[PDB]
Amino acid sequence: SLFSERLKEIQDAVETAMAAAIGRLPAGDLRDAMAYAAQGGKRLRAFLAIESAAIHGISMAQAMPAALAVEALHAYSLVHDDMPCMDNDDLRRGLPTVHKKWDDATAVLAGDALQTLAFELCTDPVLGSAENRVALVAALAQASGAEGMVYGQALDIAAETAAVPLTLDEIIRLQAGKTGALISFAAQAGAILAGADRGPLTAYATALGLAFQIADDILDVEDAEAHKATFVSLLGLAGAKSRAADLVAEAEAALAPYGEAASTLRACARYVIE
Amino acid sequence: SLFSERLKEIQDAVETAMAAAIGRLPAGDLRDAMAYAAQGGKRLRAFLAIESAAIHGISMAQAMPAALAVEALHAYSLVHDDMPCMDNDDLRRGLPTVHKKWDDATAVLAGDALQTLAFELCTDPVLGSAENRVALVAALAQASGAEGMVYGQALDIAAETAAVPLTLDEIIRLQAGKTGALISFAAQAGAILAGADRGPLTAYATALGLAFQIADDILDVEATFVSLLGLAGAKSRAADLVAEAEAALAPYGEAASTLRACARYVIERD
């Protein structure tokens, strides 16, 4: 399809660009760990950044530093999350995690530096004006810190052993922090770089992010973390499926001002449930 | 003296402004551990940010988010450094470390959010033009990441298990990364915000950063700096670098007075 071919292209370009940006750093164990953690993945957040840019008439070359920013940040968070003090993961996508391949010290440092790299990438003159770049840093920061991604991780610790079982509102607030905020930055990145209205892409992302999580739960159905309240347990199998579809249709509809230009973005929404 | 009063006023105002900045986040264990980590300390780096700005005719009000940015970044680094897998500290400034008071998970996360907050503070429009703000965050990213502070820390850890003890040339290059880079950002910050030449303040910071490091090793014995030079040699060497740092600021005339007083202060405790 257009979507699948466009995705493949973006994945190939991102792999190359990330390796080049990391290869610029001083050699050593730190850099090897950084490189290993930022390689592979579906690049869905890079996709969103590039496609939302394309919709505002911005080239992939002008958009690359923002796509790599959100991928670096995504990568940093997994490294920190795979640590024994947190999710305690030995393997990710069939492969050893950073803290296992190297050591815990390398994992905290590789993730720290990857965070730094993401913000540095946001200052790259290729992106365009200083005004737009400083709005991009601000938005990546809002998405990633103590009112965004990290906050959602803090809540997840309380949530996975909660006394009263988790309500729908709570697992929605969870989702919105853990994955929602960064998916939203990625989708808004295009508009940020064009200095354009961020409303439609925000609404598209809110709906898309939640749809992702709901679609994820359904796939798991079809210990503390394993027996947590999911959208399938709360809404039912059919209730979850119908909610996923509703949200995808809501995300597509948010992109109506863009006409046929939004094609790959609306196929991205459909992809999550299909 | 008159420097003593400038340092305490800045310490007071950094304490307030940081509590207000962290106060604006959602409540919880995370916000508590962040605010705890970012409270206190001598505010050296914040002082360098504010005072190099004053040297360039920029008020404290306009400089504050850059001072908060160094401090938040510094705090983040301490929280992560204290963890069992790194330096393994149980106390700092008397009180228990973040990992000890809470746990390892909270250390990671409060560290992470503190780095994120540091970069968020660099975008505060109070700092002035977006051009200077973007140069500020590029500088902070340079000081802090895989070419700066983090790189230095990684080298320091790899040092801990080296086949040979390290040369004085290497332990200079190590701590230029580990502590020098962030002090360099802090001194240059005032010039960045005025769109001015950064060279003199950079040379100041390179001298001062090394001297600050040597004066800390002096504290311990009172391959490190005291072991490689002796207590006679290191007390002399740090006093040399202080002079160097004061000399680097000769272009500024007697406007360099507070920052020179600061350079002498980091060895005035010895």
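Residues numbered from 1 in each chain as written, not as in the entry; some residues may be left out. Chains lettered and ligands numbered in written order. Heavy atoms only, no water. Residues with missing side-chain atoms left out of burial classes, pairs and counts.

Per the deposited record, determination of this structure is attributed to X-ray crystallography, with the resolution reported as 2.15 Å.

The PDB entry lists chain B under the name FARNESYL DIPHOSPHATE SYNTHASE, with Rhodobacter capsulatus given as the organism. Under its PDB record, the entry appears with the title "Crystal structure of farnesyl diphosphate synthase from rhodobacter capsulatus sb1003".

Under the PDB entry, the name given to chain A is FARNESYL DIPHOSPHATE SYNTHASE, and the organism recorded is Rhodobacter capsulatus.

Participant: Just to check I follow, could you spell out the pattern of salt bridges for this structure?
Facilitator: Should their charged atoms come close, side chains of opposite charge can pair. Applying the stated criterion across every chain yields a total of 18 salt bridges over all chains. Residue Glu222(A) pairs with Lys241(A) through a salt bridge whose shortest N-O separation is 3.1 Å. Looking at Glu222(A), the relative accessible area reads 61%, which means it is exposed. By relative accessible area, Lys241(A) is classed as partly exposed at 37%. In this structure, the salt-bridge partner of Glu222(B) is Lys235(B), at a minimum N-O distance of 3.1 Å. (Salt bridge = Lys/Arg side-chain N within 4 Å of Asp/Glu carboxyl O. Buried < 20%, exposed > 50% of the residue type's maximum accessible area, 1.4 Å probe, protein only.)

Participant: Would you explain the packing of helix α10 (residues 199-220) of chain B against helix α11 (residues 225-248) of chain B in this entry?
Facilitator: Packed helices, taken two at a time, are described by the angle their axes make and the gap between the axes. Residue and element names in this part refer to chain B. Taken N-terminus to C-terminus, the directions of α10 and α11 make an angle of 155°; their axes are 8 Å apart at the nearest point. Comparing their axes, α11 and α10 come out roughly antiparallel. Considering the relative orientation of α10 and α11, their crossing is left-handed. Listed contacts from α11 to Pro 200, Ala 203, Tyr 204, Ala 207, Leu 208, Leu 210, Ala 211, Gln 213, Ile 214, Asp 217 and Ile 218 of α10 are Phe 225, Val 226, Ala 234, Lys 235, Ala 238, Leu 241, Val 242, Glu 244, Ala 245 and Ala 248. Considering only residue class, the contact of α10 with α11 consists of 17 nonpolar, 1 polar and 3 charged. (Axes fitted to C-alpha atoms, helices over the stretch in contact; angles between N-to-C directions. Helix = DSSP H or I, 4+ residues; strand = E, 2+ residues; numbered from the N terminus. Parallel < 35°, antiparallel > 145°, perpendicular 65-115°, else oblique. Left-handed = near helix turned anticlockwise from the far one by under 90°. Contact = heavy atoms within 4.5 Å. Nonpolar A, V, L, I, M, F, W, Y, C, P; charged D, E, K, R; others polar.)

Participant: Please clarify how the interface of chain A and chain B should be interpreted in this entry.
Facilitator: Accessible area lost on assembly of the parts is the figure often given for the size of an interface. Contacts between chain A and chain B engage 39 residues on the former and 39 residues on the latter. Interface of chain A and chain B: buried area, both sides summed, is about 3300 Å²; carbon and sulfur atoms make up 75% of it. When the buried area of chain A at its contact with chain B is split by residue, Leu109(A), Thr116(A) and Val134(A) rank highest and sum to 16% of it. Our count for the chain A to chain B interface comes out at 0 salt bridges. Taken together, the connections running from chain A to chain B amount to 6 residue pairs in polar contact. Where the side of chain A that touches chain B is concerned, the elements lending two or more residues are α2 (29-37), α4 (60-81), α6 (104-121), α7 (130-144) and α8 (149-159) of chain A. Top contributing element to the side of chain A that touches chain B by residue count: α6(A), with 10 residues. (Buried area = accessible area lost by both parts, 1.4 Å probe. Polar contact = N/O pair within 3.5 Å; in protein donor to acceptor, adjacent residues only side chain to side chain.)

Participant: Mind showing me how you'd approach the nonpolar core here?
Facilitator: Soluble globular proteins tend to pack their nonpolar side chains together in the buried interior. Core analysis: the largest hydrophobic core is formed by 201 residues, its most contacted members being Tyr204(A) and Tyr204(B). Beyond its immediate chain neighbours, meaning those up to four positions away, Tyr204(A) contacts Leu48(A), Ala187(A), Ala251(A), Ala254(A), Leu255(A), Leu265(A), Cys268(A) and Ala269(A). (Core = buried A, V, L, I, M, F, W, Y, C linked by side-chain atoms within 4.5 Å.)

Participant: Looking at this structure, how should I read the side chain of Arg43(A)?
Facilitator: Residues and elements named next belong to chain A. Examined against the element boundaries, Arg 43 turns out to sit in the loop between α2 and α3 (44-54). The exposure class assigned to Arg 43 is buried, which follows from its relative accessible area of 3%. A distance of 2.7 Å separates the side chain of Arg 43 from the backbone oxygen of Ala 38, its partner in a polar contact. Setting aside anything within four residues of it in sequence, one finds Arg 43 in contact with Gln 11, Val 14, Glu 15, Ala 38 and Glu 71.

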